[PDB]
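Next up, structure.tsv (TSV, C-alpha atoms):
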chain	number	residue	atom	x	y	z
A	433	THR	CA	8.03	29.28	12.28
A	434	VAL	CA	4.44	28.04	12.41
A	435	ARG	CA	1.98	29.01	9.69
A	436	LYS	CA	-0.79	28.37	12.28
A	437	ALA	CA	-1.55	25.55	14.74
A	438	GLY	CA	-3.74	24.16	17.52
A	439	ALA	CA	-5.66	20.90	18.06
A	440	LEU	CA	-7.53	18.61	15.61
A	441	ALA	CA	-9.34	15.31	14.91
A	442	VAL	CA	-7.06	12.69	13.40
A	443	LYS	CA	-8.62	9.71	11.65
A	444	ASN	CA	-6.75	8.11	8.73
A	445	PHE	CA	-8.94	7.63	5.57
A	446	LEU	CA	-6.79	5.71	3.02
A	447	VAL	CA	-3.08	4.97	2.37
A	448	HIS	CA	-0.62	4.01	-0.41
A	449	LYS	CA	0.23	0.37	0.22
A	450	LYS	CA	3.19	-0.97	-1.77
A	451	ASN	CA	2.77	-1.69	-5.50
A	452	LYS	CA	0.54	1.31	-6.29
A	453	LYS	CA	-2.66	0.41	-4.40
A	454	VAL	CA	-5.21	2.53	-2.48
A	455	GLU	CA	-7.04	1.17	0.58
A	456	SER	CA	-9.20	2.33	3.51
A	457	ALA	CA	-7.21	2.23	6.76
A	458	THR	CA	-8.24	0.10	9.75
A	459	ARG	CA	-11.44	1.45	11.32
A	460	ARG	CA	-9.88	3.84	13.81
A	461	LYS	CA	-12.43	6.03	15.58
A	462	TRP	CA	-11.48	9.74	15.41
A	463	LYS	CA	-8.45	10.35	17.67
A	464	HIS	CA	-7.10	13.46	19.41
A	465	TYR	CA	-4.02	15.66	19.11
A	466	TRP	CA	-2.70	19.23	18.84
A	467	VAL	CA	-0.62	20.44	15.90
A	468	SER	CA	1.25	23.32	14.33
A	469	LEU	CA	1.84	23.87	10.60
A	470	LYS	CA	5.55	24.30	10.16
A	471	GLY	CA	6.23	24.86	6.45
A	472	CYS	CA	5.73	21.47	4.80
A	473	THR	CA	5.67	19.50	8.06
A	474	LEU	CA	2.41	18.89	9.84
A	475	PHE	CA	3.55	17.78	13.30
A	476	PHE	CA	1.17	16.27	15.91
A	477	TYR	CA	1.83	16.57	19.71
A	478	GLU	CA	-0.25	15.08	22.65
A	479	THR	CA	-2.76	16.15	25.36
A	480	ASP	CA	-2.51	19.05	27.88
A	489	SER	CA	6.98	17.87	24.27
A	490	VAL	CA	7.73	15.98	21.05
A	491	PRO	CA	5.15	15.08	18.40
A	492	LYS	CA	4.01	11.44	18.45
A	493	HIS	CA	3.34	11.12	14.71
A	494	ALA	CA	4.30	13.17	11.63
A	495	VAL	CA	2.93	14.24	8.20
A	496	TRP	CA	5.03	15.83	5.40
A	497	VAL	CA	2.24	17.74	3.62
A	498	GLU	CA	3.89	18.18	0.21
A	499	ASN	CA	2.06	19.17	-2.98
A	500	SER	CA	-0.97	17.63	-1.21
A	501	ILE	CA	-4.63	18.72	-1.58
A	502	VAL	CA	-7.28	19.59	1.01
A	503	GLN	CA	-11.01	19.71	0.05
A	504	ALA	CA	-13.90	20.63	2.34
A	505	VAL	CA	-15.85	17.71	3.74
A	506	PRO	CA	-18.98	19.24	5.25
A	507	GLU	CA	-20.55	16.06	3.85
A	508	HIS	CA	-19.31	13.66	6.59
A	509	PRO	CA	-21.71	12.01	9.05
A	510	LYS	CA	-22.46	13.68	12.45
A	511	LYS	CA	-19.40	15.68	13.64
A	512	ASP	CA	-19.86	18.83	11.56
A	513	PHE	CA	-16.98	20.95	10.28
A	514	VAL	CA	-14.57	18.60	8.56
A	515	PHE	CA	-11.46	18.77	6.38
A	516	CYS	CA	-9.58	16.36	4.04
A	517	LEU	CA	-5.94	16.22	2.80
A	518	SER	CA	-4.56	14.01	0.06
A	519	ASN	CA	-0.82	13.42	0.76
A	520	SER	CA	1.75	13.37	-2.05
A	521	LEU	CA	2.28	9.88	-0.66
A	522	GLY	CA	-1.06	8.56	-1.81
A	523	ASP	CA	-2.27	8.78	1.74
A	524	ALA	CA	-5.62	9.94	2.94
A	525	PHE	CA	-6.25	11.68	6.24
A	526	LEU	CA	-9.13	13.76	7.67
A	527	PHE	CA	-9.02	16.47	10.36
A	528	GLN	CA	-12.12	17.80	12.16
A	529	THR	CA	-12.08	21.48	13.33
A	530	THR	CA	-13.94	23.96	15.60
A	531	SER	CA	-15.73	26.14	13.08
A	532	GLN	CA	-16.01	26.76	9.32
A	533	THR	CA	-13.80	29.70	10.25
A	534	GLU	CA	-11.02	27.48	11.59
A	535	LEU	CA	-11.98	25.43	8.53
A	536	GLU	CA	-10.82	28.34	6.44
A	537	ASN	CA	-7.46	28.84	8.06
A	538	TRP	CA	-5.88	25.39	8.25
A	539	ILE	CA	-7.21	24.88	4.73
A	540	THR	CA	-6.32	28.16	3.06
A	541	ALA	CA	-3.30	27.77	5.23
A	542	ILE	CA	-1.96	24.24	4.71
A	543	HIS	CA	-2.75	24.69	1.02
A	544	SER	CA	-0.40	27.66	1.31
A	545	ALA	CA	2.66	26.03	2.88
A	546	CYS	CA	2.29	23.18	0.40
A	547	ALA	CA	2.08	25.27	-2.78
A	548	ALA	CA	4.81	27.18	-0.95
A	549	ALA	CA	7.54	24.56	-1.05
A	550	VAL	CA	6.45	24.30	-4.68
A	551	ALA	CA	7.56	27.87	-5.32
A	552	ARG	CA	10.88	26.70	-3.86
A	553	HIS	CA	11.39	23.31	-5.47
A	554	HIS	CA	11.18	25.31	-8.73
A	555	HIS	CA	13.58	28.00	-7.44
A	556	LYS	CA	11.15	30.84	-8.28
A	557	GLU	CA	10.22	34.02	-6.41
A	558	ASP	CA	6.59	35.12	-7.05
A	559	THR	CA	3.95	32.66	-5.85
A	560	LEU	CA	1.25	33.44	-8.43
A	561	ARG	CA	4.02	33.73	-11.05
A	562	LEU	CA	4.91	30.05	-10.63
A	563	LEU	CA	1.30	28.96	-10.34
A	564	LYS	CA	0.16	30.90	-13.41
A	565	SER	CA	3.31	29.52	-15.03
A	566	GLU	CA	2.15	26.03	-14.13
A	567	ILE	CA	-1.60	26.69	-14.66
A	568	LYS	CA	-1.14	27.73	-18.26
A	569	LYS	CA	1.28	25.13	-19.64
A	570	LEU	CA	-0.70	22.38	-17.86
A	571	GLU	CA	-3.72	22.69	-20.14
A	572	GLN	CA	-1.31	22.79	-23.09
A	573	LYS	CA	-0.51	19.27	-21.96
A	574	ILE	CA	-4.28	18.73	-22.02
A	575	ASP	CA	-5.44	19.81	-25.53
A	576	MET	CA	-2.42	18.04	-26.99
A	577	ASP	CA	-3.03	14.75	-25.24
A	578	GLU	CA	-6.73	15.46	-24.66
A	579	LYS	CA	-6.81	15.23	-28.44
A	580	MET	CA	-3.95	12.75	-29.09
A	581	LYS	CA	-6.11	10.09	-27.46
A	582	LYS	CA	-9.32	11.36	-29.06
A	583	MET	CA	-7.64	10.88	-32.46
A	584	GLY	CA	-7.18	7.23	-31.60
A	585	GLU	CA	-10.83	6.61	-30.84
A	586	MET	CA	-11.11	8.00	-34.38
A	587	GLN	CA	-8.83	5.41	-35.90
A	588	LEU	CA	-8.98	2.33	-33.66
A	589	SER	CA	-12.72	2.36	-34.42
A	590	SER	CA	-12.27	2.28	-38.21
A	591	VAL	CA	-9.37	-0.11	-37.83
A	592	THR	CA	-9.96	-3.84	-37.53
A	593	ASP	CA	-6.46	-5.36	-37.83
A	594	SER	CA	-6.09	-6.88	-34.33
A	595	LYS	CA	-2.37	-5.97	-33.94
A	596	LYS	CA	-2.96	-2.24	-34.41
A	597	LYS	CA	-5.83	-2.28	-31.93
A	598	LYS	CA	-3.78	-3.70	-29.07
A	599	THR	CA	-1.16	-1.00	-29.71
A	600	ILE	CA	-3.98	1.59	-29.79
A	601	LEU	CA	-5.75	0.45	-26.64
A	602	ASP	CA	-2.19	0.89	-25.38
A	603	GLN	CA	-1.36	4.57	-25.93
A	604	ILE	CA	-4.97	5.09	-24.86
A	605	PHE	CA	-5.35	3.37	-21.46
A	606	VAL	CA	-2.04	5.20	-21.53
A	607	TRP	CA	-3.11	8.63	-22.79
A	608	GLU	CA	-6.19	8.31	-20.52
A	609	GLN	CA	-4.02	7.87	-17.39
A	610	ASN	CA	-1.76	10.75	-18.52
A	611	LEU	CA	-4.87	12.82	-19.06
A	612	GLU	CA	-6.11	12.02	-15.57
A	613	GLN	CA	-2.80	12.88	-13.86
A	614	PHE	CA	-2.68	16.16	-15.72
A	615	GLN	CA	-6.00	17.65	-14.54
A	616	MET	CA	-5.88	16.38	-10.97
A	617	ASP	CA	-2.58	18.23	-11.21
A	618	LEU	CA	-4.35	21.43	-12.18
A	619	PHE	CA	-6.94	21.29	-9.33
A	620	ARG	CA	-3.79	21.42	-7.24
A	621	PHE	CA	-1.86	24.35	-8.62
A	622	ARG	CA	-5.29	26.08	-8.84
A	623	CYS	CA	-6.88	25.31	-5.48
A	624	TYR	CA	-3.48	26.59	-4.36
A	625	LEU	CA	-3.18	29.76	-6.48
A	626	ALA	CA	-6.77	30.18	-5.24
A	627	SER	CA	-6.16	30.01	-1.51
A	628	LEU	CA	-3.18	32.25	-2.02
A	629	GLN	CA	-5.62	34.59	-3.85
A	630	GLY	CA	-8.65	34.47	-1.51
A	631	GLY	CA	-11.41	33.03	-3.73
A	632	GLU	CA	-13.07	29.66	-2.97
A	633	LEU	CA	-11.53	26.50	-4.35
A	634	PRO	CA	-12.73	25.59	-7.85
A	635	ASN	CA	-15.73	23.30	-8.52
A	636	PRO	CA	-15.36	19.83	-7.06
A	637	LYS	CA	-17.75	18.70	-9.74
A	638	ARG	CA	-15.49	19.75	-12.61
A	639	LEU	CA	-12.77	17.78	-10.90
A	640	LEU	CA	-14.44	14.37	-10.98
A	641	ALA	CA	-15.97	15.15	-14.38
A	642	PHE	CA	-12.78	14.61	-16.36
A	643	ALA	CA	-12.05	11.49	-14.26
A	644	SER	CA	-11.39	8.09	-15.92
A	645	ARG	CA	-14.11	5.45	-15.90
A	646	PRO	CA	-11.83	2.51	-15.20
A	647	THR	CA	-10.28	4.92	-12.68
A	648	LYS	CA	-13.80	5.65	-11.38
A	649	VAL	CA	-14.55	1.98	-10.96
A	650	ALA	CA	-11.81	1.78	-8.35
A	651	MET	CA	-13.12	4.95	-6.73
A	652	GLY	CA	-15.97	2.51	-6.36
A	653	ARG	CA	-13.78	-0.22	-4.86
A	654	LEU	CA	-13.16	1.94	-1.81
A	655	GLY	CA	-15.71	4.68	-1.15
A	656	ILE	CA	-17.58	7.70	-2.50
A	657	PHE	CA	-15.96	8.90	-5.68
A	658	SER	CA	-14.49	11.63	-3.55
A	659	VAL	CA	-12.63	14.65	-4.78
A	660	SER	CA	-10.03	13.45	-2.34
A	661	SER	CA	-10.71	9.91	-3.63
A	662	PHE	CA	-9.53	10.57	-7.23
A	663	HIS	CA	-6.77	12.73	-5.73
A	664	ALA	CA	-5.79	9.70	-3.68
A	665	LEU	CA	-5.64	6.79	-6.06
A	666	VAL	CA	-4.25	9.51	-8.32
A	667	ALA	CA	-0.87	9.58	-6.61
A	668	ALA	CA	-0.58	5.91	-5.58
A	669	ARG	CA	0.40	5.85	-9.23
A	670	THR	CA	2.73	8.86	-9.33

Let me see the file written as structure tokens.
Amino acid sequence: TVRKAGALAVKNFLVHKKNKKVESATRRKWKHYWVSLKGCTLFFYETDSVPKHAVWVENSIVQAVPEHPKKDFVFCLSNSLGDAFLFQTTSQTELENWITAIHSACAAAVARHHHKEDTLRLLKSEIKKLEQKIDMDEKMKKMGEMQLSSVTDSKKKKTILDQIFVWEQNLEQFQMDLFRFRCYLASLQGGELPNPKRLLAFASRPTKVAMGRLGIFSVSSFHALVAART
């Protein structure tokens, strides 16, 4: 079946090159296409009988993009790949659908991969435990800033900076993982996505620097470089 479908504005915005590395695609001016949202597959078929380019929208994350230059009404998906992509719709209404939609089919396959029945039951099951990962590691690393500081023996500082640039990048992953399960158990529920500010907030400095390599520390941005690691 098709969750929904129609015609959009395809312009790639960043992809996962080999060796964990995020980069802005070649300046391709917004292209055309039509497309239907079959479960996890986001097929794209041409003007006026077989799609001429695919997109397996798994676990991915779409954030609004009303920020973009001229062409108003804009979307933005972060592919489990580490890929970036940006579709431009007809109205904030259609902006709802494909978004609240896609976000659905994605979190959907999730319900499946984990062989569970109730949507919100998996989400809530993931939502909870996730933070548990937080406070335990969100502290585990804190505790180190509390020792590495008072320590001075060079060998126990290089093993500290370790489980830190380590616990920092496990922290990151974690939350950007929540904004998923949530902005998913949120579409599925009807209330607006969470706060895109809170998202960035807990985002790594070193990790932010890169978000500076490319462009605008974008919600998508730190959801992009985020997976190129995964």

Need the shell around residue A:659: protein/DNA/RNA residues with any atom at most 8 Å away, counting only C-alpha atoms. Skip same-chain ones fewer than 5 positions apart. Format as a PDB file with C-alpha atoms, keeping the file's coordinate frame?
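Generated file (out-v4.pdb):
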ATOM      1  CA  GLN A 503     -11.010  19.710   0.050  1.00  0.00           C
ATOM      2  CA  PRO A 636     -15.360  19.830  -7.060  1.00  0.00           C
ATOM      3  CA  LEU A 639     -12.770  17.780 -10.900  1.00  0.00           C
ATOM      4  CA  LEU A 640     -14.440  14.370 -10.980  1.00  0.00           C
TER       5      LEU A 640
END

query = Neighbours of residue A:522 within 6 Å (only C-alpha atoms; same-chain residues fewer than 6 positions away dropped), as a PyMOL selection string?
reply = chain A and resi 447-448+664+667-668

Residues just named, written with C-alpha atoms as a compact mmCIF listing (two decimals), in the coordinates of the input:
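Heads up, here's the output in part28.txt:
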# COMPACT_ATOMS: atom_id res chain seq x y z
CA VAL A 447 -3.08 4.97 2.37
CA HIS A 448 -0.62 4.01 -0.41
CA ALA A 664 -5.79 9.70 -3.68
CA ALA A 667 -0.87 9.58 -6.61
CA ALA A 668 -0.58 5.91 -5.58

message = I'd like to know which of A:451, A:644, A:554, A:528 is closest to residue A:504, using only C-alpha atoms.
response =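 That would be A:528, the residue with the smallest distance to residue A:504.
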
query = Hey, what's within 6 Å of stretch 462-470 of chain A if we count only C-alpha atoms and toss same-chain stuff fewer than 6 positions away? As a ChimeraX atom specification, please?
reply = /A:433-443,476-478

inquiry  = I want to know what sits within 12 Å of residue A:551, based on only C-alpha atoms, with residues of the same chain fewer than 3 positions away left out; could you give that as a ChimeraX atom specification?
reply    = /A:498-499,544-548,554-566,621,624-625

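Computed from the coordinates, the atom CA of residue A:618 to atom CA of residue A:520 distance equals 14.3 Å.
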
query = Hey, what's within 12 Å of residue A:646 if we count only C-alpha atoms and toss same-chain stuff fewer than 3 positions away? As an MDAnalysis selection string, please?
reply = chainID A and resid 605:606 608:609 612 643 649:653 662 665

query = atom CA of residue A:596 to atom CA of residue A:580: how many Å, to one decimal?
reply = 15.9 Å
